[PDB]
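> Just so you know, the sequence shown maps onto residues 20 to 45, 51 to 103, 128 to 151, 155 to 214 in the UniProt record's numbering.
C-beta atoms are modelled at their ideal positions from N, C-alpha and C, and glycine is treated no differently.
I have a structure I would like to understand better, so I am pasting it below and will then ask my questions one at a time.
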Amino acid sequence: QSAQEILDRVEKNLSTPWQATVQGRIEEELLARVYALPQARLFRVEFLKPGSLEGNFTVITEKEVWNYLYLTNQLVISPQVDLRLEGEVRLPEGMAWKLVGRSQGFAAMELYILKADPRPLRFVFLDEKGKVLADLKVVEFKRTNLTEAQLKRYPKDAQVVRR
């Protein structure tokens, strides 16, 4: 239940607008910028790496999800883990809580949460043998101000694929 308390602290601590840089491996390198405007229930992810995703972006709202595919100029419009607190570990950003949980494309995961300023720092997904399937780190983070005009922007010439 301690994990739930931590997650609750994170949710409350990130109730204002923020942005971050996510980098890791999934083998290929994944790099993206993330934007959140909680009060408007808006989220945007912009991809930088790998080459197949470079330029793509995803916009999430309470109602629908937009997935822009840069190379094909298509805008696709479409309508859990039992985490437990294992303990703490010192990370570059400082002391963090290490949450662990079992269980559909992975066997278990590790979620690292910064203690001083409750927010995610790293997500690690493991298979049955403990092999890393994905290791994504939040390498940059900043609280800021964002607007719907910014997060809902899209290429005017995008071709719509409506699900």
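Count Cβ pairs between the segment 23-35 and the segment 169-178 that sit closer than 8 Å; are there 3 or more?
Yes, the segment 23-35 touches the segment 169-178.
> Measure the beta-carbon distance from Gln-210 to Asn-97 and round it to whole angstroms, keeping in mind my assumption that it falls under 8 Å.
With a Cβ gap of about 6 Å, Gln-210 and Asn-97 count as contacting.
> Considering only their Cβ atoms, is the gap separating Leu-55 from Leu-66 smaller than 7 Å?
No, Cβ-Cβ distance for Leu-66 and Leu-55 is not below 7 Å.
> Just mark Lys-87 as buried or exposed, buried being the case when its beta carbon has 16 or more other beta carbons within 10 Å.
Exposed, since its Cβ has fewer than 16 Cβ neighbours within 10 Å.
> Measure the Cβ-Cβ separation of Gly-43 and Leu-187 and say whether it is below 7 Å.
Result yes, Cβ atoms of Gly-43 and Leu-187 sit closer than 7 Å.
> In this structure, how does DSSP classify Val-100 when only helix, strand and coil are distinguished?
In the structure shown, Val-100 sits in a strand (DSSP, three-state: E or B).
> I need the DSSP call for residue 48, collapsed to helix, strand or coil.
No coordinates exist for residue 48 in the structure shown, because the numbering of the chain passes directly from 45 to 51.
> Out of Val-129, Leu-26, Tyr-163, which one is the CA nearest neighbour of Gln-155?
It is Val-129.
> For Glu-70 and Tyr-94, I'd like the C-alpha separation in whole angstroms.
Roughly 11 Å between the two C-alpha positions.
> If we call anything under 7 Å between Cβ atoms a contact, is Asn-91 one with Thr-82?
Their beta carbons are under 7 Å apart, which means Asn-91 touches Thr-82 by this criterion.
> Using the C-alpha atoms, what's the distance from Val-41 back to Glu-191?
Between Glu-191 and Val-41, the C-alpha separation is close to 7 Å.
> Does the Cβ of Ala-200 have 16 or more other Cβ atoms within 10 Å, making it buried, or fewer, making it exposed?
With fewer than 16 Cβ atoms within 10 Å of its Cβ, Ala-200 is classed as exposed.
> Suppose you measure from the CA of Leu-165 to the CA of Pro-140; what does that come to, to the nearest Å?
The alpha-carbon atoms of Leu-165 and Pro-140 are separated by roughly 10 Å.
> If you follow the alpha helix (DSSP H) that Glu-199 is in, where does it begin and where does it stop?
It spans 199-202 - the alpha helix (DSSP H) in which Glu-199 sits, taken as one unbroken run.
> For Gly-142, tell me which candidate among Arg-150, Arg-173, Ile-101, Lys-180 has the shortest Cα-Cα distance.
Minimum Cα distance to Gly-142 is reached at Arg-173.
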